[PDB]
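Inspection log for the structure reproduced underneath, given as structure tokens.
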Amino acid sequence: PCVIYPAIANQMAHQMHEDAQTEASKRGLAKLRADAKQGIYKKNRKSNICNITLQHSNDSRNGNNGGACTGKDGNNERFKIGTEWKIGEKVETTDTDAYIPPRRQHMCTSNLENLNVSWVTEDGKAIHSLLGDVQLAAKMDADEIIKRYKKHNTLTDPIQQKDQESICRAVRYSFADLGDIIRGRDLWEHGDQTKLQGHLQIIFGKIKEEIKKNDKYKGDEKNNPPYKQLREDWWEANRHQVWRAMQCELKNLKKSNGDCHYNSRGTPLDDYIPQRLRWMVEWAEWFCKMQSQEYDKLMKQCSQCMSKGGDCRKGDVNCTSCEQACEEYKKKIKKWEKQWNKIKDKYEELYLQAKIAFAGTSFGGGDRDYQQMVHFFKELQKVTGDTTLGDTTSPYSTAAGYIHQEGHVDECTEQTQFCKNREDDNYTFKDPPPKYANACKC
């Protein structure tokens, strides 16, 4: 049901992590353990990871231009409430769409986009040189998230508890996105990302020959993405050192429990949740921030037209400002609602195909994440018992149910239910607000 069922996504992610660990052990997980200090950067043959600088990078550009955040978020939109998510610049079919989070679009990966593949591989230490640039991007992106979140929301120095958790989640989303970029699972197709993926395909080609000194990855260049298994194993071997680079900045926050409980101990499991589901949960959080802000504008502009003995005549300025505030509310909620209808339809299509595709049968796929989505939903349906057409006992059968099980929608005010029925008053996309239906009419 959309409207107590246990939340199990995180325990499912733990299962995916164990499977990746054991499968890497059968191959060359041990030969892929890297150390940034053992790499060579800009041909320099000469401590704490939190002291990594711009010199420990193979960005092929001059000083002050080879930073990881170089030229990112020129309009300061990354963490501004109300920024509209836009579709990927996929020009081939456009039948398939996934909305890009503003945090992801302005991610600090510029050093990785402008790598010199010779400097990374010519010395035969591409395993260690790649980790240095990944750790540099992870640390600078985490630092930029903390500062720009406080800037774009004008957060005073005593940060509230809910804003600290929101910042901690954003850093976990960035850690998961970076793992999907390295492994080739990331869904954003763009000019800069195509160039970035091209560098990794050359680097990991040399890596396959670097550790080849039997071959545990025969035919891995035939996989899609190229070197799929070798890149999954490299991530398993070094994912914790990547999160350690992000912990250098998270320790400056005071909250240490809740979603911030990985700041000083442990490694989060977000990188094993399919990216299409992570972005949906992030879409719902930022929709609720926009909705709550627009709702406050409606409470103040229409405050006078609420009581039968108010101060709001049907032609005066208080009624006019209230009707104009209702019009702006309906327009913003409607355009966000159009995005949700495409998101929830794709969710349901993948969920239905998961419980139907047998061992030897398949629907064809086509999407970059089809296999990862079907496998995740199959293991979810196996635990919950929802394996036939007709079972409506699990909330995970709809996107709205997934949000209410795993999402963070406490900031939605009065309009909190992401499903219509089971029409309703507390529906998030209700065009006439039940509390202000009469206020907009004066």
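Naming works like this for the structure tokens: A, B, ... for the chains as they're shown, residue 1 at the start of each chain, ligands 1 onward in shown order.
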Could you build a table of the residues in region 327-356 of chain A lying no more than 12 Å from region 85-91 of chain A, giving for each the nearest pair of atoms and their separation in Å rounded to one decimal place, using only C-alpha atoms, ordered by chain and ascending residue number, as JSON lines?
```
{"residue": "A:335", "atom": "CA", "partner": "A:85", "partner_atom": "CA", "distance": 10.6}
{"residue": "A:336", "atom": "CA", "partner": "A:85", "partner_atom": "CA", "distance": 8.9}
{"residue": "A:338", "atom": "CA", "partner": "A:85", "partner_atom": "CA", "distance": 11.6}
{"residue": "A:339", "atom": "CA", "partner": "A:85", "partner_atom": "CA", "distance": 8.8}
{"residue": "A:340", "atom": "CA", "partner": "A:85", "partner_atom": "CA", "distance": 11.3}
{"residue": "A:342", "atom": "CA", "partner": "A:87", "partner_atom": "CA", "distance": 11.5}
{"residue": "A:343", "atom": "CA", "partner": "A:87", "partner_atom": "CA", "distance": 11.7}
```
Go ahead and dump the residues you just picked, N, CA and C atoms, as an mmCIF file, in the first residue's frame.
```cif
data_model
loop_
_atom_site.group_PDB
_atom_site.id
_atom_site.type_symbol
_atom_site.label_atom_id
_atom_site.label_comp_id
_atom_site.auth_asym_id
_atom_site.auth_seq_id
_atom_site.Cartn_x
_atom_site.Cartn_y
_atom_site.Cartn_z
ATOM 1 N N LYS A 335 4.212 21.887 -13.767
ATOM 2 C CA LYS A 335 5.367 21.508 -14.575
ATOM 3 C C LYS A 335 6.216 20.451 -13.881
ATOM 4 N N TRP A 336 6.299 20.490 -12.548
ATOM 5 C CA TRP A 336 6.960 19.408 -11.827
ATOM 6 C C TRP A 336 6.161 18.113 -11.934
ATOM 7 N N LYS A 338 4.487 17.020 -14.419
ATOM 8 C CA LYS A 338 4.716 16.362 -15.701
ATOM 9 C C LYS A 338 5.959 15.480 -15.654
ATOM 10 N N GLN A 339 6.990 15.915 -14.928
ATOM 11 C CA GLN A 339 8.187 15.093 -14.786
ATOM 12 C C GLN A 339 7.894 13.827 -13.986
ATOM 13 N N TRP A 340 7.097 13.945 -12.919
ATOM 14 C CA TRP A 340 6.797 12.787 -12.078
ATOM 15 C C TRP A 340 6.005 11.724 -12.832
ATOM 16 N N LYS A 342 6.260 10.883 -15.978
ATOM 17 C CA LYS A 342 7.180 10.080 -16.774
ATOM 18 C C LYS A 342 8.052 9.198 -15.891
ATOM 19 N N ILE A 343 8.442 9.694 -14.713
ATOM 20 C CA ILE A 343 9.293 8.920 -13.814
ATOM 21 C C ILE A 343 8.547 7.699 -13.287
#
```
Selected residue of minimal separation from residue 379 (chain A) among A:250, A:442, A:34, A:354, counting only C-alpha atoms =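 Among A:250, A:442, A:34, A:354, it is A:354 that comes nearest to residue 379 (chain A).
The coordinates place CA of residue 176 (chain A) at 8.9 Å from CA of residue 278 (chain A).
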Once DSSP has gone over the backbone, tell me which residues of region 147-374 of chain A are in helix (DSSP H, G or I), as a short mmCIF file (atom, residue, chain, number, x, y, z; two decimals) with N, CA and C atoms, in the first residue's frame.
```cif
data_model
loop_
_atom_site.label_atom_id
_atom_site.label_comp_id
_atom_site.auth_asym_id
_atom_site.auth_seq_id
_atom_site.Cartn_x
_atom_site.Cartn_y
_atom_site.Cartn_z
N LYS A 147 29.90 23.96 0.84
CA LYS A 147 29.93 25.42 0.78
C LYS A 147 28.79 25.98 -0.07
N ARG A 148 28.52 25.37 -1.22
CA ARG A 148 27.48 25.91 -2.10
C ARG A 148 26.08 25.65 -1.56
N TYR A 149 25.89 24.57 -0.80
CA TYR A 149 24.60 24.35 -0.16
C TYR A 149 24.30 25.45 0.85
N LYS A 150 25.28 25.79 1.69
CA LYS A 150 25.09 26.87 2.65
C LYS A 150 24.95 28.21 1.96
N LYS A 151 25.64 28.41 0.83
CA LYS A 151 25.56 29.69 0.13
C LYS A 151 24.23 29.85 -0.59
N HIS A 152 23.81 28.83 -1.33
CA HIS A 152 22.59 28.95 -2.13
C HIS A 152 21.33 29.02 -1.27
N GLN A 161 19.38 20.82 12.19
CA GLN A 161 19.64 19.38 12.12
C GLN A 161 19.20 18.81 10.77
N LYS A 162 18.07 19.28 10.24
CA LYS A 162 17.57 18.73 8.99
C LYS A 162 18.41 19.17 7.80
N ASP A 163 19.02 20.35 7.86
CA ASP A 163 19.88 20.79 6.77
C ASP A 163 21.21 20.04 6.79
N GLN A 164 21.71 19.68 7.98
CA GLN A 164 22.93 18.89 8.04
C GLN A 164 22.73 17.52 7.42
N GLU A 165 21.60 16.87 7.71
CA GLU A 165 21.34 15.56 7.12
C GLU A 165 21.18 15.66 5.61
N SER A 166 20.55 16.73 5.12
CA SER A 166 20.40 16.92 3.68
C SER A 166 21.76 17.09 3.00
N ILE A 167 22.70 17.78 3.66
CA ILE A 167 24.04 17.93 3.11
C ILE A 167 24.78 16.59 3.13
N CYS A 168 24.62 15.83 4.21
CA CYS A 168 25.26 14.51 4.28
C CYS A 168 24.75 13.59 3.18
N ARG A 169 23.44 13.64 2.88
CA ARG A 169 22.89 12.81 1.81
C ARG A 169 23.45 13.22 0.44
N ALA A 170 23.62 14.53 0.22
CA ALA A 170 24.13 15.00 -1.06
C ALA A 170 25.56 14.51 -1.31
N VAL A 171 26.38 14.46 -0.26
CA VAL A 171 27.73 13.94 -0.40
C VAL A 171 27.70 12.43 -0.66
N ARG A 172 26.72 11.72 -0.09
CA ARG A 172 26.60 10.29 -0.37
C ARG A 172 26.12 10.05 -1.80
N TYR A 173 25.22 10.91 -2.30
CA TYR A 173 24.81 10.83 -3.70
C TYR A 173 25.99 11.07 -4.64
N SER A 174 26.88 12.00 -4.29
CA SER A 174 28.03 12.28 -5.15
C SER A 174 29.03 11.12 -5.13
N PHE A 175 29.22 10.49 -3.97
CA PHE A 175 30.06 9.30 -3.89
C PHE A 175 29.50 8.18 -4.76
N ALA A 176 28.17 8.04 -4.80
CA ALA A 176 27.57 6.98 -5.60
C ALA A 176 27.64 7.30 -7.09
N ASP A 177 27.41 8.57 -7.45
CA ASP A 177 27.52 8.97 -8.85
C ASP A 177 28.94 8.76 -9.38
N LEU A 178 29.95 9.06 -8.56
CA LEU A 178 31.33 8.91 -9.02
C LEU A 178 31.68 7.45 -9.26
N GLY A 179 31.18 6.55 -8.42
CA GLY A 179 31.36 5.13 -8.68
C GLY A 179 30.71 4.68 -9.97
N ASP A 180 29.53 5.24 -10.28
CA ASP A 180 28.88 4.88 -11.54
C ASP A 180 29.59 5.48 -12.74
N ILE A 181 30.26 6.63 -12.57
CA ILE A 181 31.04 7.19 -13.67
C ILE A 181 32.25 6.30 -13.97
N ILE A 182 32.95 5.86 -12.93
CA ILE A 182 34.13 5.02 -13.12
C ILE A 182 33.74 3.67 -13.72
N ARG A 183 32.64 3.08 -13.27
CA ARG A 183 32.23 1.77 -13.76
C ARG A 183 31.49 1.83 -15.10
N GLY A 191 28.44 15.92 -24.03
CA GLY A 191 29.73 16.05 -24.69
C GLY A 191 30.89 15.83 -23.74
N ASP A 192 30.84 16.47 -22.57
CA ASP A 192 31.92 16.33 -21.61
C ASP A 192 32.00 14.91 -21.06
N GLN A 193 30.86 14.24 -20.89
CA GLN A 193 30.87 12.88 -20.35
C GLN A 193 31.39 11.88 -21.37
N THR A 194 31.08 12.08 -22.66
CA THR A 194 31.62 11.22 -23.71
C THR A 194 33.15 11.29 -23.74
N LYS A 195 33.71 12.49 -23.61
CA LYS A 195 35.16 12.63 -23.53
C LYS A 195 35.71 11.98 -22.27
N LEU A 196 34.98 12.09 -21.16
CA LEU A 196 35.44 11.48 -19.91
C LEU A 196 35.44 9.96 -20.01
N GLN A 197 34.38 9.38 -20.57
CA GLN A 197 34.34 7.92 -20.71
C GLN A 197 35.41 7.42 -21.67
N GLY A 198 35.80 8.23 -22.66
CA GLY A 198 36.83 7.79 -23.59
C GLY A 198 38.19 7.66 -22.93
N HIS A 199 38.49 8.55 -21.98
CA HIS A 199 39.75 8.45 -21.26
C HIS A 199 39.80 7.19 -20.41
N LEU A 200 38.69 6.83 -19.77
CA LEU A 200 38.67 5.66 -18.90
C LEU A 200 38.82 4.37 -19.71
N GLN A 201 38.25 4.33 -20.91
CA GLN A 201 38.37 3.13 -21.74
C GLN A 201 39.82 2.89 -22.16
N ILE A 202 40.59 3.95 -22.37
CA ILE A 202 42.00 3.77 -22.70
C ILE A 202 42.81 3.40 -21.47
N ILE A 203 42.51 4.04 -20.33
CA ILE A 203 43.26 3.76 -19.11
C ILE A 203 43.07 2.30 -18.69
N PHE A 204 41.82 1.84 -18.62
CA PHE A 204 41.56 0.47 -18.20
C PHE A 204 42.02 -0.56 -19.22
N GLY A 205 42.17 -0.17 -20.49
CA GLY A 205 42.81 -1.06 -21.45
C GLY A 205 44.25 -1.33 -21.09
N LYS A 206 44.99 -0.29 -20.70
CA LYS A 206 46.35 -0.47 -20.21
C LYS A 206 46.36 -1.20 -18.88
N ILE A 207 45.33 -1.01 -18.05
CA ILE A 207 45.27 -1.69 -16.77
C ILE A 207 45.13 -3.20 -16.97
N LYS A 208 44.34 -3.61 -17.97
CA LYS A 208 44.17 -5.04 -18.24
C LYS A 208 45.51 -5.69 -18.59
N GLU A 209 46.37 -4.96 -19.30
CA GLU A 209 47.71 -5.46 -19.61
C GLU A 209 48.69 -5.22 -18.47
N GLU A 210 48.44 -4.21 -17.63
CA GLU A 210 49.34 -3.93 -16.51
C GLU A 210 49.35 -5.08 -15.51
N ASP A 220 37.01 -8.99 -21.95
CA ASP A 220 36.33 -7.94 -21.20
C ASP A 220 36.11 -6.69 -22.05
N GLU A 221 36.88 -6.50 -23.12
CA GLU A 221 36.65 -5.36 -24.00
C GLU A 221 35.38 -5.52 -24.83
N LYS A 222 34.85 -6.75 -24.95
CA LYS A 222 33.61 -6.96 -25.67
C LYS A 222 32.39 -6.55 -24.87
N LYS A 228 33.84 -3.92 -18.43
CA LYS A 228 32.85 -3.83 -17.37
C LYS A 228 33.35 -4.47 -16.08
N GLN A 229 33.84 -5.71 -16.17
CA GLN A 229 34.23 -6.45 -14.97
C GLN A 229 35.48 -5.85 -14.33
N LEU A 230 36.48 -5.49 -15.15
CA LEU A 230 37.70 -4.91 -14.61
C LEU A 230 37.42 -3.59 -13.89
N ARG A 231 36.45 -2.82 -14.36
CA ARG A 231 36.13 -1.55 -13.71
C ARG A 231 35.28 -1.75 -12.46
N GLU A 232 34.42 -2.77 -12.44
CA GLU A 232 33.69 -3.12 -11.22
C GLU A 232 34.65 -3.56 -10.12
N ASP A 233 35.65 -4.38 -10.48
CA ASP A 233 36.59 -4.88 -9.48
C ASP A 233 37.50 -3.78 -8.95
N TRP A 234 37.97 -2.89 -9.83
CA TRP A 234 38.78 -1.76 -9.38
C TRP A 234 38.01 -0.90 -8.39
N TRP A 235 36.72 -0.68 -8.63
CA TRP A 235 35.92 0.09 -7.69
C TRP A 235 35.81 -0.63 -6.34
N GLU A 236 35.58 -1.95 -6.36
CA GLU A 236 35.48 -2.71 -5.12
C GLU A 236 36.77 -2.63 -4.31
N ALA A 237 37.91 -2.61 -5.00
CA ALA A 237 39.20 -2.59 -4.31
C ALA A 237 39.50 -1.24 -3.68
N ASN A 238 38.96 -0.15 -4.23
CA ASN A 238 39.38 1.19 -3.81
C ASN A 238 38.23 2.10 -3.40
N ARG A 239 37.00 1.59 -3.31
CA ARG A 239 35.87 2.46 -3.00
C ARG A 239 35.99 3.10 -1.62
N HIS A 240 36.61 2.40 -0.66
CA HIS A 240 36.70 2.96 0.68
C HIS A 240 37.68 4.13 0.73
N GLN A 241 38.83 4.01 0.06
CA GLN A 241 39.78 5.13 0.03
C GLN A 241 39.18 6.34 -0.66
N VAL A 242 38.23 6.13 -1.57
CA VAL A 242 37.54 7.25 -2.20
C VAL A 242 36.65 7.95 -1.18
N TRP A 243 35.89 7.17 -0.40
CA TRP A 243 35.04 7.76 0.64
C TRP A 243 35.86 8.42 1.73
N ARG A 244 37.07 7.93 2.00
CA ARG A 244 37.94 8.57 2.98
C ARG A 244 38.31 9.98 2.54
N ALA A 245 38.49 10.19 1.24
CA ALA A 245 38.81 11.52 0.73
C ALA A 245 37.65 12.48 0.96
N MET A 246 36.42 11.98 0.92
CA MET A 246 35.25 12.80 1.21
C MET A 246 35.04 13.00 2.71
N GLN A 247 35.52 12.08 3.54
CA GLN A 247 35.39 12.23 4.98
C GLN A 247 36.23 13.39 5.53
N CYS A 248 37.25 13.83 4.78
CA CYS A 248 38.06 14.96 5.24
C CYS A 248 37.22 16.21 5.42
N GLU A 249 36.19 16.39 4.60
CA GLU A 249 35.34 17.57 4.65
C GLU A 249 34.11 17.36 5.52
N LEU A 250 33.56 16.14 5.55
CA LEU A 250 32.35 15.88 6.32
C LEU A 250 32.58 16.03 7.82
N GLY A 258 22.05 9.74 12.43
CA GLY A 258 21.17 9.80 11.28
C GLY A 258 21.91 9.49 10.00
N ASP A 259 21.58 10.24 8.95
CA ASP A 259 22.25 10.07 7.66
C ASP A 259 23.70 10.53 7.67
N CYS A 260 24.15 11.19 8.73
CA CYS A 260 25.54 11.61 8.85
C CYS A 260 26.40 10.61 9.62
N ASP A 270 25.39 3.50 -0.75
CA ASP A 270 24.60 4.14 -1.79
C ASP A 270 25.06 3.73 -3.18
N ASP A 271 26.35 3.42 -3.35
CA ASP A 271 26.86 3.07 -4.67
C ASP A 271 26.37 1.71 -5.18
N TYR A 272 25.56 0.97 -4.42
CA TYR A 272 24.96 -0.26 -4.92
C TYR A 272 23.46 -0.14 -5.17
N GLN A 275 21.20 3.87 -10.01
CA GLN A 275 21.23 5.33 -10.09
C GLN A 275 19.86 5.91 -10.41
N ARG A 276 19.05 5.23 -11.23
CA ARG A 276 17.73 5.75 -11.56
C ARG A 276 16.84 5.85 -10.32
N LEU A 277 17.06 4.99 -9.33
CA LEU A 277 16.28 5.09 -8.10
C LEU A 277 16.83 6.15 -7.16
N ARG A 278 18.16 6.34 -7.13
CA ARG A 278 18.73 7.39 -6.30
C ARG A 278 18.25 8.76 -6.76
N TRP A 279 18.29 9.01 -8.07
CA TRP A 279 17.87 10.31 -8.60
C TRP A 279 16.39 10.57 -8.36
N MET A 280 15.56 9.52 -8.39
CA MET A 280 14.13 9.69 -8.10
C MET A 280 13.91 10.13 -6.66
N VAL A 281 14.60 9.49 -5.71
CA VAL A 281 14.50 9.91 -4.31
C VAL A 281 14.99 11.35 -4.15
N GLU A 282 16.06 11.71 -4.86
CA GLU A 282 16.56 13.08 -4.81
C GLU A 282 15.60 14.05 -5.49
N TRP A 283 14.89 13.59 -6.54
CA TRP A 283 13.88 14.42 -7.18
C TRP A 283 12.74 14.74 -6.22
N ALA A 284 12.33 13.76 -5.41
CA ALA A 284 11.21 13.98 -4.50
C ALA A 284 11.60 14.95 -3.38
N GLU A 285 12.85 14.89 -2.92
CA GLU A 285 13.28 15.80 -1.85
C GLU A 285 13.28 17.24 -2.34
N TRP A 286 13.82 17.49 -3.53
CA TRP A 286 13.88 18.86 -4.04
C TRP A 286 12.54 19.36 -4.55
N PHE A 287 11.62 18.47 -4.93
CA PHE A 287 10.25 18.90 -5.20
C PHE A 287 9.58 19.39 -3.93
N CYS A 288 9.81 18.71 -2.81
CA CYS A 288 9.19 19.12 -1.55
C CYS A 288 9.76 20.43 -1.04
N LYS A 289 11.04 20.70 -1.30
CA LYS A 289 11.61 22.00 -0.92
C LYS A 289 10.98 23.13 -1.73
N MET A 290 10.80 22.92 -3.03
CA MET A 290 10.12 23.92 -3.86
C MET A 290 8.67 24.08 -3.44
N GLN A 291 7.97 22.96 -3.22
CA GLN A 291 6.56 23.02 -2.85
C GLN A 291 6.37 23.74 -1.52
N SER A 292 7.22 23.45 -0.54
CA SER A 292 7.11 24.09 0.76
C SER A 292 7.36 25.59 0.67
N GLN A 293 8.30 26.01 -0.19
CA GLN A 293 8.58 27.43 -0.33
C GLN A 293 7.43 28.16 -1.02
N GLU A 294 6.85 27.55 -2.06
CA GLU A 294 5.69 28.15 -2.71
C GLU A 294 4.48 28.16 -1.78
N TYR A 295 4.34 27.14 -0.93
CA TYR A 295 3.21 27.10 -0.01
C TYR A 295 3.29 28.22 1.01
N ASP A 296 4.51 28.56 1.46
CA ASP A 296 4.66 29.67 2.40
C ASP A 296 4.27 30.99 1.75
N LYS A 297 4.61 31.18 0.48
CA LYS A 297 4.17 32.38 -0.23
C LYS A 297 2.65 32.44 -0.32
N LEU A 298 2.00 31.28 -0.41
CA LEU A 298 0.55 31.24 -0.44
C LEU A 298 -0.07 31.53 0.92
N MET A 299 0.61 31.14 2.01
CA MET A 299 0.07 31.38 3.34
C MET A 299 0.10 32.86 3.70
N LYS A 300 1.09 33.60 3.18
CA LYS A 300 1.25 35.00 3.53
C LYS A 300 0.46 35.93 2.61
N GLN A 301 0.39 35.60 1.31
CA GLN A 301 -0.37 36.44 0.39
C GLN A 301 -1.87 36.24 0.53
N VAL A 317 -6.53 45.03 -3.21
CA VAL A 317 -5.17 44.58 -3.53
C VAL A 317 -4.83 43.28 -2.81
N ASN A 318 -5.43 43.02 -1.64
CA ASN A 318 -5.13 41.78 -0.93
C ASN A 318 -5.70 40.57 -1.65
N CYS A 319 -6.90 40.71 -2.23
CA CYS A 319 -7.46 39.62 -3.03
C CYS A 319 -6.68 39.44 -4.33
N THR A 320 -6.26 40.55 -4.94
CA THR A 320 -5.50 40.47 -6.19
C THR A 320 -4.16 39.78 -5.97
N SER A 321 -3.44 40.14 -4.91
CA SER A 321 -2.17 39.50 -4.63
C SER A 321 -2.35 38.03 -4.24
N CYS A 322 -3.50 37.68 -3.67
CA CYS A 322 -3.75 36.28 -3.34
C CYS A 322 -4.05 35.46 -4.59
N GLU A 323 -4.86 36.00 -5.50
CA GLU A 323 -5.17 35.27 -6.73
C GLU A 323 -3.93 35.12 -7.60
N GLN A 324 -3.07 36.14 -7.65
CA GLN A 324 -1.82 36.01 -8.39
C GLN A 324 -0.89 35.00 -7.75
N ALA A 325 -0.92 34.88 -6.42
CA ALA A 325 -0.10 33.88 -5.75
C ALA A 325 -0.59 32.46 -6.03
N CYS A 326 -1.91 32.28 -6.16
CA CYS A 326 -2.44 30.96 -6.49
C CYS A 326 -2.08 30.55 -7.91
N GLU A 327 -2.09 31.51 -8.84
CA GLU A 327 -1.74 31.20 -10.22
C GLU A 327 -0.30 30.74 -10.34
N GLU A 328 0.62 31.42 -9.64
CA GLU A 328 2.02 31.01 -9.67
C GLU A 328 2.22 29.65 -9.04
N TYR A 329 1.44 29.32 -8.00
CA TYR A 329 1.55 28.01 -7.38
C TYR A 329 1.12 26.91 -8.35
N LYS A 330 -0.01 27.10 -9.03
CA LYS A 330 -0.51 26.07 -9.94
C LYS A 330 0.46 25.83 -11.09
N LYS A 331 1.10 26.89 -11.59
CA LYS A 331 2.02 26.73 -12.72
C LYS A 331 3.26 25.94 -12.33
N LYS A 332 3.83 26.23 -11.16
CA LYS A 332 5.04 25.53 -10.73
C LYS A 332 4.75 24.07 -10.42
N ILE A 333 3.65 23.80 -9.70
CA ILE A 333 3.34 22.42 -9.34
C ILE A 333 3.02 21.60 -10.58
N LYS A 334 2.40 22.21 -11.59
CA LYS A 334 2.01 21.46 -12.78
C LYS A 334 3.22 21.01 -13.59
N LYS A 335 4.21 21.89 -13.77
CA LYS A 335 5.37 21.51 -14.57
C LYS A 335 6.22 20.45 -13.88
N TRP A 336 6.30 20.49 -12.55
CA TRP A 336 6.96 19.41 -11.83
C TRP A 336 6.16 18.11 -11.93
N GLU A 337 4.83 18.21 -11.92
CA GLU A 337 4.00 17.02 -12.02
C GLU A 337 4.21 16.29 -13.34
N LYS A 338 4.49 17.02 -14.42
CA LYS A 338 4.72 16.36 -15.70
C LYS A 338 5.96 15.48 -15.65
N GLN A 339 6.99 15.91 -14.93
CA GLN A 339 8.19 15.09 -14.79
C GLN A 339 7.89 13.83 -13.99
N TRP A 340 7.10 13.94 -12.92
CA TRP A 340 6.80 12.79 -12.08
C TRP A 340 6.01 11.72 -12.83
N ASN A 341 5.12 12.13 -13.75
CA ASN A 341 4.33 11.16 -14.49
C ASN A 341 5.21 10.30 -15.39
N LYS A 342 6.26 10.88 -15.98
CA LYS A 342 7.18 10.08 -16.77
C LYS A 342 8.05 9.20 -15.89
N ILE A 343 8.44 9.69 -14.71
CA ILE A 343 9.29 8.92 -13.81
C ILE A 343 8.55 7.70 -13.29
N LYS A 344 7.31 7.90 -12.82
CA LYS A 344 6.57 6.79 -12.21
C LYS A 344 6.13 5.76 -13.25
N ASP A 345 5.91 6.19 -14.49
CA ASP A 345 5.57 5.23 -15.54
C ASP A 345 6.76 4.34 -15.88
N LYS A 346 7.97 4.92 -15.93
CA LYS A 346 9.15 4.11 -16.20
C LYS A 346 9.43 3.15 -15.05
N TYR A 347 9.26 3.62 -13.81
CA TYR A 347 9.39 2.74 -12.64
C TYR A 347 8.50 1.51 -12.79
N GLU A 348 7.22 1.73 -13.09
CA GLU A 348 6.26 0.62 -13.13
C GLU A 348 6.55 -0.32 -14.28
N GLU A 349 6.98 0.22 -15.43
CA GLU A 349 7.33 -0.62 -16.57
C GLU A 349 8.46 -1.58 -16.22
N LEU A 350 9.50 -1.08 -15.55
CA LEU A 350 10.62 -1.94 -15.18
C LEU A 350 10.24 -2.94 -14.09
N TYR A 351 9.36 -2.55 -13.17
CA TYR A 351 8.96 -3.45 -12.10
C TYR A 351 8.13 -4.61 -12.65
N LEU A 352 7.25 -4.33 -13.61
CA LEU A 352 6.42 -5.38 -14.19
C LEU A 352 7.25 -6.35 -15.02
N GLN A 353 8.23 -5.84 -15.76
CA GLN A 353 9.06 -6.71 -16.58
C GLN A 353 9.97 -7.59 -15.73
N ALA A 354 10.36 -7.11 -14.55
CA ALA A 354 11.21 -7.91 -13.67
C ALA A 354 10.51 -9.18 -13.22
N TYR A 370 19.18 -1.26 -17.87
CA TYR A 370 18.10 -2.25 -17.85
C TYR A 370 18.45 -3.44 -16.96
N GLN A 371 19.62 -4.05 -17.19
CA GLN A 371 20.01 -5.24 -16.43
C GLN A 371 20.11 -4.95 -14.94
N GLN A 372 20.73 -3.82 -14.57
CA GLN A 372 20.87 -3.49 -13.15
C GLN A 372 19.51 -3.24 -12.50
N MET A 373 18.58 -2.63 -13.23
CA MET A 373 17.26 -2.36 -12.67
C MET A 373 16.46 -3.65 -12.50
N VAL A 374 16.48 -4.53 -13.50
CA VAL A 374 15.70 -5.76 -13.41
C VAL A 374 16.25 -6.67 -12.32
#
```
So which residues touch residue 8 (chain A) within 9 Å, counting only C-alpha atoms, skipping near sequence neighbours fewer than 5 positions away, as a ChimeraX atom specification?
-> /A:13,380,405-406
Mind pulling up the distance from CA of residue 215 (chain A) to CA of residue 368 (chain A)?
-> 26.9 Å
Separation of CA of residue 80 (chain A) from CA of residue 153 (chain A) in Å =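 Here the two named atoms are 6.6 Å from each other.
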Among the residues A:68, A:137, A:419, A:117, the one that comes closest to residue 395 (chain A) [using only C-alpha atoms] |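 Smallest separation from residue 395 (chain A) among the options: A:419.
Between residue 273 (chain A) and the candidates A:103, A:254, A:185, A:190, the tightest atom-to-atom separation, counting only C-alpha atoms, involves A:185.
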Shell of 8 Å around residue 387 (chain A), only C-alpha atoms, local chain residues under 5 positions omitted, as an MDAnalysis selection string | chainID A and resid 355 381:382
